[PDB]
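Reviewing the structure listed below.
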Amino acid sequence: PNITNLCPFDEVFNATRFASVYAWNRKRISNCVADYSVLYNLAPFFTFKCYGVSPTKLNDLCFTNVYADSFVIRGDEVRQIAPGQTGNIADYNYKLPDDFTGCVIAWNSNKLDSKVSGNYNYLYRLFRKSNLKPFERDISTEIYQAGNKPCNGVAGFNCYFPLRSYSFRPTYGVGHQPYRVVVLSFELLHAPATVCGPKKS
Amino acid sequence: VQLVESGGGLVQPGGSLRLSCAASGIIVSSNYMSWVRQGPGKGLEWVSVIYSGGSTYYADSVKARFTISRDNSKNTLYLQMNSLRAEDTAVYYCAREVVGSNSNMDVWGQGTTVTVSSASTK
Amino acid sequence: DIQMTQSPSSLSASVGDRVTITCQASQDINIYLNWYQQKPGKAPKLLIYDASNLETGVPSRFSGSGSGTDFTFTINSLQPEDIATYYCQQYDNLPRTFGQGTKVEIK
């Protein structure tokens with residue numbers, strides 16, 4: 330075969346703060362090697378519960394472009410992140426295609442992300458009120474007005490700020506904890522494939 | 002911002018009407034509407050919630066029997082029933098769901114005391 | 001489904017005194033929960049937003065605190081216009097479930 334290459338997977342698998350729910354921070358990894366056993370070694374063993382490609386052959390069957398994401402949510406939206414189901418994060422923050430090739434990875438993050446006071450830096454879009462096409466980002470920081478009354482100001486009745494916050498106090502149980510999900514996705518443009526694992530030809 | 006009662010009358014099993022609740026200027030499509038039921042002598046039971054994205058989430062007891070959509074400009078939510086088994090002799094309360102995360106918004110709406118029975122008005 | 005349960009069903013004995021009303025859930029939920037007060041034959045009316053806040057016009061002595069599947073609230077003074085019911089409402093974990101019913105009455 331060949332001498333292997335360092336790959337920036339750990340760069341999106343280890344950080345002091347991931348992005349919040351309002352902006353799923355994209356990271357277009359291209360021209361790298363495929364190695365995911367360190368992902369298994371990082372956490373105690375869980376199923377990926379992931380849909381596109383089976384996890385026993387993510388090392389082989391290699392691709393042309395991996396499009397990776399980095400965002401932190403609740404465990405109900407970990408089981409609810411699947412394509413076809415809607416909600417509030419799955420509709421108003423981040424939606425998947427129906428032909429979505431690629432699959433998600435989740436793990437618990439009580440020891441890193443959660444703080445005893447409760448880190449309110451992680452916040453989500455609850456009010457966006459437009460059905461979302463798959464794979465685009467919307468940053469509507471400005472206040473919405475409802476009730477057929479022109480608001481256009483700061484802090485009034487029926488003038489709702491669209492970005493409210495998670496609470497991450499560590500005394501809660503499984504289901505309201507922070508979870509860092511790294512949604513890998515592959516698209517096939519029929520380009521020359523630069524992302525592949527160890528092999529000899 | 003109040004809500005309007007729209008319904009009444011006596012209906013038979015196998016027949017259904019179109020329940021309606023109107024608004025006083027609140028948007029019904031780009032908001033979060035929700036209806037519940039209240040039987041005589043018993044507690045509330047959740048009927049349906051609709052989001053602004055068009056996500057129809059309703060209870061498993063009434064699966065594939067209730068259809069619900071909001072009007073574009075008349076500010077009235079509509080729901081059509083299918084194949085009523087006469088257990089819903091109750092009063093159906095219309096609202097928007099009361100809080101997103103934290104706000105002082107709280108308004109409720111009046112509902113009509115419908116009844117479903119094979120015997121007609123006597 | 002979440003089993004919304006309450007044991008102290010009928011606190012008609014308290015007249016201007018301590019109320020120890022509570023509700024419980026089957027699975028572990030956080031503070032995402034509200035209670036209601038439904039007048040007999042009329043619409044419900046809200047008192048608590050998300051287990052830690054209070055409604056705009058109410059007496060201030062209403063105070064609720066609960067975390068980890070046991071949720072607690074008190075009415076230490078029973079003014080005579082509170083003669084109605086009180087229901088427990090879990091949300092944000094579908095399906096949203098209601099309590100069976102709590103009854104208060106003044107003698």
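Chains E, H and A, in that order, are what the protein sequence lines are. Residue numbers for the first sequence follow the entry's author numbering, beginning at 330 and rising by one. Residue numbers for the second sequence follow the entry's author numbering, beginning at 2 and rising by one. Residue numbers for the third sequence follow the entry's author numbering, beginning at 1 and rising by one. Even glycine gets a Cβ: it sits at the ideal position worked out from N, Cα and C.
field: beta strand (DSSP E) segments (min. 3 residues) lying fully within the segment 54-99 of chain A
entry: 63-66, 70-74 and 85-90
field: chain A within 8 Å of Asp405 of chain E, Cβ atoms only
entry: yes
query: In chain A, which residues lie less than 8 Å from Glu88 of chain H when you measure between Cβ atoms?
result: Under the 8 Å cutoff, chain A gives no residues; its nearest Cβ is about 16 Å from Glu88 of chain H.
query: In chain order, what residues of the segment 25-37 of chain H put their CB closer than 8 Å to some CB of chain E?
result: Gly26, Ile27, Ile28, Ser31 and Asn32
- prompt: Is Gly110 of chain H close to chain A, meaning its C-beta is less than 8 Å from at least one C-beta of that chain?
  reply: yes
query: Shorter than 8 Å from the beta carbon of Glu55 of chain A to some beta carbon of chain H?
result: yes
field: As assigned by DSSP and simplified to three states, the class of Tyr365 of chain E
entry: coil
- prompt: Under a CB-based cut-off of 8 Å, is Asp28 of chain A close to chain E?
  reply: yes
Validate contact between the segment 443-455 of chain E and the segment 480-498 of chain E using beta carbons, cut 8 Å, 3 pairs: yes
query: Would you call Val29 of chain H buried or exposed, if buried means 16 or more other Cβ atoms sit within 10 Å of its Cβ?
result: buried
Spatial neighbours of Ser469 of chain E in its chain, beta-carbon cut-off 6 Å, leaving aside the 5 residues before and after: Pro491
- request: Over the uninterrupted beta strand (DSSP E) stretch that includes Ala411 of chain E, give me the two end residues.
  value: Neither: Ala411 of chain E is in no beta strand (DSSP E) and is coded neither H nor E.
message: Cutting at 6 Å between CB atoms, please list the residues of its own chain near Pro527 of chain E, excluding the five before and the five after it.
response: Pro330
query: In chain order, which continuous runs of the beta strand (DSSP E) of length 3 or greater are located wholly inside the segment 369-411 of chain E?
result: 400-402
- request: Identify the continuous alpha helix (DSSP H) that holds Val341 of chain E and give its terminal residues.
  value: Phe338 to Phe342
- prompt: Is the beta carbon of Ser118 of chain H sitting closer than 8 Å to the one on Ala87 of chain H?
  reply: yes
- prompt: Is the shortest distance between the beta-carbon of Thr415 of chain E and the beta-carbons of chain H less than 8 Å?
  reply: yes
- prompt: Do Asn83 of chain H and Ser17 of chain H have their CB atoms nearer than 8 Å?
  reply: yes
query: For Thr90 of chain H, which residues from the same chain have a beta carbon less than 6 Å from its beta carbon, with the 5 sequence-adjacent residues on both sides left out?
result: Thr116 and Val117
task: Look at the Cβ atom of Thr22 of chain A, then the Cβ atom of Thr72 of chain A, and state whether they are nearer than 8 Å.
output: yes
query: Using a beta-carbon distance below 8 Å, is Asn422 of chain E in contact with chain H?
result: no
- request: Classify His505 of chain E as buried or exposed, calling it buried when 16 or more other Cβ atoms lie within 10 Å of its own Cβ.
  value: buried
- prompt: Taking Cβ-Cβ distances shorter than 7 Å, what residues in chain E pair up with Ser53 of chain H?
  reply: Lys458
field: CA nearest to the CA of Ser383 of chain E, picked from E:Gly413, E:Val350, E:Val395 and E:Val433
entry: E:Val433
query: Can you name the residues of chain H whose CB is closer than 9 Å to the CB of residue 110 of chain A?
result: Absent from the model: residue 110 of chain A. The displayed extent of chain A is 1 to 107, so no value can be given.
- prompt: From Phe374 of chain E to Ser49 of chain H, what does the alpha carbon distance come to, in whole angstroms?
  reply: 38 Å
- prompt: Under 8 Å between the Cβ atoms of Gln100 of chain A and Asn34 of chain A?
  reply: no
query: Does DSSP put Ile106 of chain A in a helix, in a strand, or in coil?
result: coil
field: Endpoints, the beta strand (DSSP E) within which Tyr421 of chain E is located
entry: Counting along the chain, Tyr421 of chain E falls outside any beta strand (DSSP E), though it belongs to the alpha helix (DSSP H) covering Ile418 to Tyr421.
message: With distance defined between alpha-carbon atoms, name the residue in E:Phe429, E:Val367, E:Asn334 and E:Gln474 nearest to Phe464 of chain E.
response: E:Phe429
- request: Could you tell me which residues DSSP pairs with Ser9 of chain A in its beta bridges?
  value: Partner(s): none; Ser9 of chain A has no beta bridge.
message: On a Cα-Cα basis, can you pick out the residue from H:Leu45, H:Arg19, H:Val12 and H:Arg38 that is closest to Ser121 of chain H?
response: H:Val12
- prompt: Are at least three pairs of beta-carbons, each pair with one atom in the segment 53-65 of chain H and one in the segment 48-63 of chain A, less than 8 Å apart?
  reply: no
field: Contacts of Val2 of chain H in chain E (Cβ-Cβ under 7 Å)
entry: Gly476
query: So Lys45 of chain A is in the beta strand (DSSP E); what residue range does that whole segment cover?
result: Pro44 to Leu46
field: Rounded Cβ spacing between residue 536 of chain E and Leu371 of chain E (contact assumed at less than 8 Å)
entry: Beyond the ends of chain E as shown, which are 330 and 530, falls residue 536 of chain E; an answer cannot be given.
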